There are 4 protein chains.
Amino acid sequence: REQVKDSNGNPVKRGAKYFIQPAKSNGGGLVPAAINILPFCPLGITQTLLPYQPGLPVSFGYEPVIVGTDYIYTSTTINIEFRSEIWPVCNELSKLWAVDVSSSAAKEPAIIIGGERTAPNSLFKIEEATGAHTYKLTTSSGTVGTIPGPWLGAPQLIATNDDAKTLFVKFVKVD
Amino acid sequence: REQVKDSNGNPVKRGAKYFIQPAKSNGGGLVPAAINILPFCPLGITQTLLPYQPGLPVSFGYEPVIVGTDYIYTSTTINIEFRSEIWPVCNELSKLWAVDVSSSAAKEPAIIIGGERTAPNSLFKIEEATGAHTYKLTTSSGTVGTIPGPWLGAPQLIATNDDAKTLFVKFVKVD
Amino acid sequence: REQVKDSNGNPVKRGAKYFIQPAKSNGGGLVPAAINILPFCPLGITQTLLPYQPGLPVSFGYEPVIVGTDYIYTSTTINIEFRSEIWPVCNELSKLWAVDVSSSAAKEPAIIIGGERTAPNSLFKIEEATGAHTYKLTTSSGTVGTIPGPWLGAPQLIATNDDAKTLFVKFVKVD
Amino acid sequence: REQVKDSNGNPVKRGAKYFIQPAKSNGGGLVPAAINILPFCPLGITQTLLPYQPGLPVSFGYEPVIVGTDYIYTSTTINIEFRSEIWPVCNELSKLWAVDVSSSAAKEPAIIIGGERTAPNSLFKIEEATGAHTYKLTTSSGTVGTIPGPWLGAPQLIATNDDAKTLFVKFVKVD
Ligand code: CHL
Ligand code: CHL
Ligand code: CHL
Ligand code: CHL
């Protein structure tokens with residue numbers, strides 16, 4: 001277990017805002033986007049294709065609670081939540097990431113938004129990967145990966161046992 | 001081979017307008033609807049869920065050409081085209097039904113709109129089923145069936161080898 | 001005051017389902033449609049451009065209550081509500097028609113959906129017009145008219161003091 | 001006439017990429033967004049409400065041509081064009097800004113996207129305003145201003161003679 005480092009080499013602090021940015025990519029950061037038409041709640045998570053769009057900010061917090069430290073460590077369960085004043089749709093749902101565990105869940109399930117803090121489908125871990133300050137995300141439903149999704153095939157986040165799909169990311173401190 | 005009959009028992013005439021109406025259903029007729037977000041062309045085909053919506057009209061014509069008869073027969077290749085003055089999207093494409101044979105085609109492929117008159121993926125046959133004036137549609141990619149689609153799970157037309165999915169229809173003469 | 005007659009000459013019954021159909025038109029009936037993008041609630045009301053689309057059904061009821069008669073009369077306050085099992089958006093709002101009296105209300109205000117039974121902006125009257133079984137609708141904000149709206153300029157219902165905009169309708173009994 | 005300066009005090013260079021960023025605001029930069037539902041082409045221009053969204057990049061070029069200088073000066077006609085590899089809709093139209101001069105043009109007309117290089121409705125000027133490196137944009141249809149538009153009332157660009165609506169901007173060099 002080590003301190004997760006942001007793209008500047010500084011440790012990632014609990015509750016602080018980060019953009020999650022796919023590594024070795026021409027696209028921007030991770031953002032909410034609908035994966036279904038109607039209903040469109042809950043939203044999925046997508047890499048925007050547009051180069052200078054940094055993503056929607058997230059913050060990390062330990063779950064279950066770990067008291068005493070300000071830093072996020074690898075291989076330890078956290079919640080990931082989008083941080084936005086403006087949120088016009090899907091308001092009956094939270095902004096925590098979670099694996100889709102509904103009855104319509106794909107064999108390789110969507111990462112959606114609206115998980116319950118304590119539910120098991122809401123628990124992620126950050127794990128080191130090769131490259132500087134490059135990481136992967138894992139859940140109890142598999143590694144976080146992408147498939148071409150409904151927005152011009154923009155990467156769409158799923159949980160997957162296929163290593164080829166793994167999403168490698170950096171955390172860019174919101175400045 | 002027999003004359004296909006409309007819901008009033010009258011033979012179906014080439015080039016005349018019919019609604020295609022799922023049998024034993026509380027929903028309305030078959031209509032264009034997007035199956036993808038962006039791009040949304042080509043459109044797919046859906047049963048509307050709304051009870052009094054009769055569908056968008058279609059017409060049937062023989063392909064290859066059969067000269068001499070005014071009536072549509074079973075077990076004979078036809079094109080099916082939507083008939084609408086108003087058509088605001090997907091205008092570079094035709095209004096003929098076709099099986100999706102693109103590279104992103106699902107294992108059970110979508111019925112889409114925009115087929116070429118002569119292409120093989122544009123050829124349907126009407127086949128008798130049980131019930132009065134009830135029929136099924138077949139293509140060289142399988143029988144026409146539905147799966148719950150993106151519009152509140154409204155039936156979405158596919159080509160399928162699964163008999164459980166078969167869409168049974170009547171043709172209601174546009175009056 | 002006279003009994004309002006449907007398109008077959010039969011009196012209009014309280015609580016029964018009617019389509020509202022613009023007279024002397026090539027379009028279909030009146031339907032819910034968004035007049036704003038985001039938020040899209042509350043919905044407005046539009047004439048569909050498509051020829052065989054009959055509209056979404058409505059029912060008429062007296063407000064304030066008139067007890068003893070089964071029939072709708074002219075020049076008497078009623079509510080108009082859309083009647084639909086399926087209603088996927090704007091669910092915190094009712095299906096009663098009402099004049100928009102919000103703070104963003106246009107000088108010629110939109111007819112919207114989601115009025116309170118007793119509120120004054122929810123009160124319509126049916127008034128005779130020329131032509132057989134042709135009527136107009138009025139509210140305390142003006143006569144019901146249309147302007148070209150956001151759906152390919154499809155007639156969009158407003159309340160207006162301009163006689164040129166008046167919407168003439170028939171009521172087609174849902175069969 | 002002076003050299004227009006970016007947000008770092010450096011002169012603005014012809015053909016280089018800038019974000020246009022409203023001054024004294026909590027929102028992000030200027031972006032394409034639909035102002036009509038259907039058709040949605042041509043697109044309008046909006047300030048995104050989201051704080052860290054920098055805008056879609058633009059570049060400035062003299063029109064009519066001014067040969068010999070690399071810098072953009074005030075009070076001189078230019079074109080403004082969005083610069084994006086990805087452009088999925090409205091492709092029959094250009095990416096140059098222009099005042100809407102169609103027959104449905106509002107009394108205070110929309111700034112749209114898709115102007116012809118030489119047409120007069122495509123000609124902007126940058127003019128100094130108070131504040132450091134703060135500017136306004138003007139056209140022969142009036143000063144560039146905003147009204148609350150259809151995206152949660154996000155500022156929507158118009159041409160206006162009302163000084164209260166003026167949009168004050170800085171140009172942030174795309175890095
Ligand atoms: C209704 C829910 C909802 C939908 C549909 C979307 C959709 C999208 N978001 Mg998300 N979001 C949604 C909720 C929210 N988002 C965000 C915050 C963000 C941010 C910060 C960003 C996104 C972005 C995106 C886009 C990422 C895909 C891309 O690369 O395309 C790019 C493709 C285009 C730019 C072309 C135009 C897309 C256009 C905006 C929508 C086009 C609509 C279609 C024509 C509709 C078609 C209908 C079909 C069914 C017929 C995608 C358009 C990213 C983006 O790229 O935005 C520009 C982005 O940076 N979202 C928040 C917090 C405020 C939400 C709250 O609910
Ligand atoms: C952009 C392309 C396009 C899209 C998205 C649709 C979509 C639809 N068509 Mg089709 N059509 C489209 C092209 C065309 N249609 C038609 C002709 C028809 C007819 C005659 C009918 C349809 C109907 C339908 C609907 C059938 C599903 C249902 O049962 O839901 C019913 C669900 C509702 C009524 C709820 C509201 C739906 C609303 C109109 C759209 C909601 C938009 C979402 C909020 C957007 C969400 C964005 C996401 C990505 C975040 C569906 C909404 C049927 C229908 O039901 O219409 C009412 C119908 O009867 N279409 C023509 C010829 C003119 C087209 C030409 O291009
Ligand atoms: C999200 C809310 C909502 C929206 C956007 C609409 C929109 C519409 N309704 Mg309504 N409805 C909505 C709620 C509901 N409707 C209905 C019941 C009906 C009925 C019965 C009918 C309508 C129809 C219509 C259409 C009338 C205009 C027309 O003539 O165009 C016709 C234009 C087309 C057919 C072209 C394709 C339209 C397509 C379905 C939507 C296209 C989406 C755009 C690409 C999105 C663009 C995004 C922009 C911002 C970039 C319009 C598309 C009528 C219709 O024509 O449907 C086909 C119709 O008959 N509605 C119910 C009860 C179930 C609703 C419940 O919430
Ligand atoms: C279809 C055409 C089209 C539409 C509808 C839009 C729409 C939008 N663009 Mg634009 N764009 C479009 C074309 C393009 N855009 C861009 C590049 C960008 C950038 C870089 C950005 C935008 C952003 C925006 C948004 C600015 C408003 C805001 O503050 O809301 C914010 C509101 C939300 C985030 C909530 C969710 C919005 C969601 C993406 C769409 C929701 C759809 C509705 C549910 C549909 C409702 C249907 C109605 C009719 C019933 C708005 C959603 C900005 C943005 O904020 O994106 C996130 C932004 O940063 N656009 C390009 C170049 C690639 C385009 C090319 O065609």
Side-chain angles (χ1 to χ4, degrees), chain B residues 6-8 16-22 25-34 37-38 40-41 43 45-59 81-91 95 113 146 148-156 169-175, chain C residues 6-8 16-22 25-34 37-38 40-41 43 45-59 81-91 95 113 146 148-156 169-175:
Chain B
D6 65 28
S7 67
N8 289 320
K17 279 180 180 65
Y18 302 81
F19 301 119
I20 304 185
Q21 171 78 220
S25 164
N26 282 300
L30 295 192
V31 297
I37 296 175
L38 208 55
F40 48 70
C41 303
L43 297 163
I45 313 187
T46 304
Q47 181 192 10
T48 176
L49 289 171
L50 307 191
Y52 310 99
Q53 309 309 306
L56 189 69
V58 307
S59 66
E81 57 158 347
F82 276 124
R83 300 294 300 289
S84 190
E85 215 76 284
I86 289 128
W87 199 271
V89 299
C90 302
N91 277 117
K95 304 175 186 174
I113 297 164
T146 73
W151 294 97
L152 302 158
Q156 189 69 48
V169 306
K170 309 214 217 211
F171 315 101
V172 186
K173 176 113 163 152
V174 170
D175 188 65
Chain C
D6 65 28
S7 67
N8 289 320
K17 279 180 180 65
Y18 302 81
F19 301 119
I20 304 185
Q21 171 78 220
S25 164
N26 282 300
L30 295 192
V31 297
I37 296 175
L38 208 55
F40 48 70
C41 303
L43 297 163
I45 313 187
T46 304
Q47 181 192 10
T48 176
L49 289 171
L50 307 191
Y52 310 99
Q53 309 309 306
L56 189 69
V58 307
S59 66
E81 57 158 347
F82 276 124
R83 300 294 300 289
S84 190
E85 215 76 284
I86 289 128
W87 199 271
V89 299
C90 302
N91 277 117
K95 304 175 186 174
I113 297 164
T146 73
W151 294 97
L152 302 158
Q156 189 69 48
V169 306
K170 309 214 217 211
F171 315 101
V172 186
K173 176 113 163 152
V174 170
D175 188 65

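A note on names: the letters A, B, ... follow the listed sequences, proteins ahead of strands, and every chain is numbered from 1. Scope of the values below: all heavy atoms of this structure, side chains included, with no hydrogens, waters or symmetry mates.
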Quick one: closest heavy-atom pair of B:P54 and C:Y52, and the distance? CG-O, 3.5 Å

Could you tell me whether C:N91 atom CG has more than 12 heavy atoms of other residues or ligands within 6.0 Å of it? yes

When rounded to the nearest 0.5 angstrom, what distance separates CG in B:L50 from CD in C:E85? 11.5 Å

For C:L49, side-chain contact (heavy atoms from CB on, under 4.5 Å) partners two or more places apart: B:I86, C:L152, C:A154, C:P155

Around atom NZ of C:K17, are there more than 12 heavy atoms of other residues, nucleotides or ligands at under 6.0 Å? no

Output all residues satisfying side-chain contact (heavy atoms from CB on, under 4.5 Å) with B:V172, sequence neighbours left out; order by chain, then residue number. B:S7, B:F19, B:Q21

Hey, could you give me the CD/CG distance between B:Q53 and C:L56, rounded to the nearest 0.5 Å? 7.0 Å

